[PDB]
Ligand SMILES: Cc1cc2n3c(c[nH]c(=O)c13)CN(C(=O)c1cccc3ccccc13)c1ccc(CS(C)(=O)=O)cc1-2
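The chain below stands alone and is given in structure tokens; this is the form deposited without this ligand.
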């Protein structure tokens, strides 16, 4: 635990988890369900908010920047994999703006 990881858990994750556009990101991408047989060929480090949440709950992270990189990977995966016109891209962008706004007020340490 750091004060920063606390803030990521209580402020950042809280605000994104309950957001109306969060639902595609709450669990790992299931490439079979979604009919995306090339997903895991393109995206080599899958990430999702449930995994990040579990990691915060279980004190997996050593530093805030580690959890921040996982959020980033999650969004980046979406931008890389999806078509520019896919609605999921706009959902991701919306959530990432919240993430950045909240991170701008995270404490030092």
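Numbering follows the first chain given and starts at 1.
The next section is about a form of this same protein that is not shown, the form deposited with this ligand bound.
With a 4.5 Å cutoff on heavy atoms, residue 61 does not count as touching this ligand in the deposited complex; it lies far away. When contacts are judged by a 4.5 Å heavy atom cut-off, residue 72 does not count as touching this ligand in the deposited complex. The closest non-hydrogen atom of residue 88 lies within 4.5 Å of this ligand in the deposited complex.
Of the heavy atoms in residue 82, some are within 4.5 Å of this ligand in the deposited complex. Residues of 33-49 placing a heavy atom within 4.5 Å of this ligand in the deposited complex, in sequence order: 33, 34, 36, 39.
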